[PDB]
Amino acid sequence: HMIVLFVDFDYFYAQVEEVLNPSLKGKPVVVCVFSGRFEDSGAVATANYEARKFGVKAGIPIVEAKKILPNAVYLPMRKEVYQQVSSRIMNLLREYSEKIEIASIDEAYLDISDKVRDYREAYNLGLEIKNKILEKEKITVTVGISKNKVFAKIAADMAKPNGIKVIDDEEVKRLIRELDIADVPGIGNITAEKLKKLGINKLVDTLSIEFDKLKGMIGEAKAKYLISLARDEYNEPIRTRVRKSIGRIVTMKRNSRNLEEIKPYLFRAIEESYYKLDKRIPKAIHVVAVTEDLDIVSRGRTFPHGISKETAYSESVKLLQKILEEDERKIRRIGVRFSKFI
DNA sequence: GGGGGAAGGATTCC
DNA sequence: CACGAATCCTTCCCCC
Ligand SMILES: Nc1nc2c(ncn2[C@H]2C[C@H](O)[C@@H](COP(=O)(O)OP(=O)(O)OP(=O)(O)O)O2)c(=O)[nH]1
Ligand SMILES: [Ca+2]
Ligand SMILES: [Ca+2]
Ligand SMILES: [Ca+2]
Ligand SMILES: [Ca+2]
């Protein structure tokens with residue numbers, strides 16, 4: 001069958017910051033996203049393991065991080081930089097297999113089925129790849145290897161950080177019955193709970209439930225997905241993913257429902273969005289708002305043609321107005337998203 | 001009954 | 001509650 005090798009870069013953003021300023025190694029490093037509402041308002045994008053040991057991780061408020069680690073190194077997120085480093089590493093991987101799926105800024109899958117035979121050679125190829133990336137970009141990564149993408153990923157999670165692991169056909173059979181359903185990619189907290197209310201704590205448990213009831217609880221796609229995995233039949237092909245949308249969203253100094261007060265933020269979002277679009281022309285635009293109670297509302301429109309900067313501006317305000325008149329809540333974050341590229 | 005789209009929301013965290 | 005992008009779901013709507 002198919003042999004998949006998954007690469008996931010270790011504590012990536014923070015590690016890139018270490019590569020660019022080596023003295024940082026050994027010290028707790030936290031990459032922050034400062035919202036500008038107040039001094040250290042915002043959240044953590046990621047932290048290195050020195051910092052994670054004490055509970056400082058992605059998603060917690062920067063303020064909470066500083067209470068725990070007042071003397072750690074706090075850096076503003078520099079996405080562009082991390083993206084360029086990522087691209088280079090992806091190019092190196094692209095040399096080990098043409099069948100590659102760049103799943104995100106820091107992970108990719110390679111179909112090495114006709115590149116090696118048996119897991120042994122696969123394992124050796126993983127070490128070659130780890131060594132090559134460490135040598136070329138001084139970045140440590142974790143390799144996951146199995147028969148399909150979901151398990152290759154799971155193997156990497158199990159080997160984090162700077163590890164490599166193979167989950168052979170026998171171990172998969174074991175995991176299908178031993179693994180906590182919540183540790184399965186695609187199963188967030190909302191799905192974990194529904195599956196719990198169904199008596200489904202492991203993958204195998206999805207086989208002892210009437211499909212119709214499963215489908216009714218979590219949806220058909222997710223249901224067929226889990227059953228497929230449980231039947232040891234999951235086998236999605238590794239394929240090139242293409243960017244389908246580009247957008248920007250900013251946090252406003254203060255929460256507001258005032259149009260003239262919100263426009264500047266919206267227009268700044270549009271400007272960045274367009275620059276990032278580069279030479280892409282979208283036919284669809286969506287105005288996205290995050291309300292005072294962290295809920296997310298959006299309004300959009302598809303055009304029978306490409307959207308120009310002027311159009312985007314004009315339309316953005318109409319969609320923003322539609323949002324204000326339709327949701328009595330104050331707006332905290334405002335932005336845009338362009339999709340359906342020509 | 002059913003295709004095809006579009007819109008807005010749900011969920012994931014890749 | 002203290003920060004970008006993909007996929008899937010429900011609800012409409014138009015119409016063969
Ligand atoms: N802004 C923001 N960025 C995130 C968040 N989560 C992840 N990222 C970014 C920065 C992370 O370094 C990068 C890769 O995510 P990972 O889940 O693989 O974590 P990282 O690679 O940081 O740690 P790891 O060694 O894989 O456990 O994506 C988040 O919650 N907010
Ligand atoms: Ca990673
Ligand atoms: Ca990752
Ligand atoms: Ca989970
Ligand atoms: Ca994550």
Side-chain angles (χ1 to χ4, degrees), chain A residues 6-9 12-13 30-46 57-67 76-77 79-80 82-83 86 101-109 144 149-150 152-154 156-157 182-195 215-225 236 238 241-253 255 269 272-273 276 283-304 319 322-323 326-327 332-341:
Chain A
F6 174 75
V7 185
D8 200 355
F9 314 157
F12 196 51
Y13 285 13
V30 198
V31 177
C32 319
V33 187
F34 304 89
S35 55
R37 313 199 77 187
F38 57 83
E39 264 295 64
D40 294 317
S41 65
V44 172
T46 194
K57 56 181 174 190
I60 70 181
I62 296 168
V63 69
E64 298 298 285
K66 288 184 162 177
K67 290 177 77 68
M77 168 170 87
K79 192 70 179 298
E80 296 178 3
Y82 315 141
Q83 179 54 64
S86 165
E101 174 164 342
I102 298 185
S104 80
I105 195 164
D106 92 319
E107 62 186 34
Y109 300 78
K149 297 189 292 185
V150 175
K153 174 155 188 56
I154 284 166
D157 283 332
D183 298 316
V184 175
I187 307 303
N189 296 312
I190 293 302
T191 306
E193 286 313 317
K194 296 173 191 169
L195 292 172
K215 163 174 159 59
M217 261 288 248
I218 65 177
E220 193 170 64
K222 190 90 70 183
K224 290 187 166 179
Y225 170 60
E236 282 294 302
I238 279 61
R241 298 189 189 182
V242 73
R243 194 107 305 301
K244 288 179 176 179
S245 70
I246 296 300
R248 182 90 174 74
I249 177 163
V250 296
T251 300
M252 296 191 295
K253 191 73 176 183
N255 292 355
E272 319 289 24
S273 298
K276 285 169 70 184
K283 292 187 280 75
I285 173 178
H286 285 74
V287 161
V288 177
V290 174
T291 59
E292 60 195 327
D293 64 312
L294 293 303
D295 199 28
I296 306 172
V297 60
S298 70
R299 292 294 185 280
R301 170 174 175 183
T302 301
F303 283 87
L319 300 166
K322 192 168 192 296
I323 293 181
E326 287 176 39
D327 202 293
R332 183 174 189 174
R333 290 180 293 185
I334 193 65
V336 284
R337 185 152 287 286
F338 295 102
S339 53
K340 301 186 182 187
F341 308 144

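Heavy atoms only: backbone and side chains are in, while hydrogens, waters and symmetry mates are out. Naming convention: chains lettered A, B, ... in sequence-line order (proteins, then strands); numbering from 1 in each chain.
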Item to check | A:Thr291 side chain near A:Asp327 side chain, heavy-atom distance below 4.5 Å | outcome: yes
Next on the checklist: C:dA6, OP1 or OP2 - any side-chain N/O from A:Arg243 closer than 4.0 Å?
Outcome noted: yes
Item to check | Atom-pair distance (OH on A:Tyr13; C1' on C:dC3), nearest Å | outcome: 11 Å
Checklist entry - Would you say the side-chain atoms of A:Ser41 pair up with the backbone N or O of A:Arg37, donor to acceptor, closer than 3.5 Å? => result yes
Item to check | Which nucleotide in C:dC3, C:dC1, C:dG4 has an atom nearest any side-chain atom of A:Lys276 | outcome: C:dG4
Checklist outcome for this item: Residues passing the salt bridge (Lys or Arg N to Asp or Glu O under 4.0 Å) test with A:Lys194, sequence neighbours excluded, are none
Checklist entry - Taking atom P of B:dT11 as reference, at what distance in whole Å does atom CD1 of A:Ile187 sit? => result 12 Å
Item to check | Nearest-angstrom distance from the residue atom CG of A:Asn255 to P of C:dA2 | outcome: 9 Å
Grab the N/O contacts between the protein and nucleotides 7-10 of chain B below 3.5 Å, and write none if there aren't any.
from  : atom 1 : to       : atom 2 : distance (Å)
B:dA7 : OP1    : A:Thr302 : N      : 3.1
B:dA7 : OP2    : A:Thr302 : N      : 3.4
B:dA7 : OP2    : A:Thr302 : OG1    : 2.5
B:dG8 : OP2    : A:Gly300 : N      : 2.8
B:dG9 : OP1    : A:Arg299 : NH1    : 3.2
B:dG9 : OP2    : A:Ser298 : N      : 3.3

Checklist entry - More than 12 foreign heavy atoms under 6.0 Å from CD of A:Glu326: is that the case here? => result yes
Next on the checklist: Below the 4.0 Å mark, does C:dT7 have OP1 or OP2 next to a side-chain nitrogen or oxygen of A:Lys244?
Outcome noted: yes
Checklist entry - Do the non-hydrogen side-chain atoms of A:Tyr13 and A:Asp106 ever get within less than 4.5 Å of each other? => result no
Checklist entry - Any donor-acceptor pair under 3.5 Å linking the side chain of A:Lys222 with the backbone of A:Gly186? => result yes
Item to check | Rounded distance (Å) that lies between atom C1' of C:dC3 and atom CD1 of A:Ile60 | outcome: 13 Å
Checklist entry - At under 4.0 Å between heavy atoms, what does A:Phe34 touch on the DNA or RNA strands: base, sugar-phosphate, or nothing? => result nothing
Next on the checklist: On DNA chain C, does the nearest nucleotide to A:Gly247 precede the nearest nucleotide to A:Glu292 from the 5' side, or the other way round? Give the residue.
Outcome noted: A:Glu292
Checklist entry - Among the nucleotides C:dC3, C:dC9, C:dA5, which one has an atom lying closest to any side-chain atom of A:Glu220? => result C:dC9
Checklist entry - Think A:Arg241 has a side-chain N or O under 4.0 angstrom from the OP1 or OP2 of C:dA6? => result no
Checklist entry - Looking at C:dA5, C:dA2, C:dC3, which one has an atom nearest to any side-chain atom of A:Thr251? => result C:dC3
Next on the checklist: Taking any heavy-atom pair under 4.0 Å as a contact, classify A:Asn189: base, sugar-phosphate, or nothing.
Outcome noted: sugar-phosphate
Checklist entry - Choosing from C:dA5, C:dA2, B:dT12, which nucleotide comes nearest the side chain of A:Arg332? => result C:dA2
Checklist entry - When rounded to the nearest 0.5 angstrom, what distance separates OG in A:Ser35 from CE in A:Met252? => result 12.0 Å
Next on the checklist: Heavy atoms only, 4.0 Å cut-off, all strands: where does A:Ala221 land among base, sugar-phosphate and nothing?
Outcome noted: sugar-phosphate
Checklist entry - C:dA5, B:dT11, C:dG4: which one has an atom nearest the side-chain heavy atoms of A:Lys79? => result C:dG4
Next on the checklist: Which nucleotide wins on minimum distance to the side chain of A:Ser245, given the candidates C:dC1, B:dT12, C:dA6?
Outcome noted: C:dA6
Next on the checklist: If you assign A:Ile218 and A:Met77 each to the DNA chain C nucleotide with the nearest heavy atom, which residue ends up on the more 5' nucleotide?
Outcome noted: A:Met77
Next on the checklist: Without decimals, in angstroms, what is the distance between A:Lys57 NZ and B:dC13 P?
Outcome noted: 14 Å
Next on the checklist: Measuring from atom CG of A:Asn255 to atom CG of A:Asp293, what distance do you get when rounded to the nearest 0.5 angstrom?
Outcome noted: 10.0 Å
Checklist entry - Nearest-Å distance, CD1 (A:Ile105) to P (B:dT12)? => result 23 Å
Item to check | Rounded distance in Å - CZ (A:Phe338) to P (C:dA5) | outcome: 12 Å
Next on the checklist: Just N and O in the side chain of A:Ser35: are any of them under 4.0 Å from OP1 or OP2 of C:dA2?
Outcome noted: no
Checklist outcome for this item: Atom NZ of A:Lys153 and atom P of B:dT12 are separated, to the nearest Å, by 15 Å
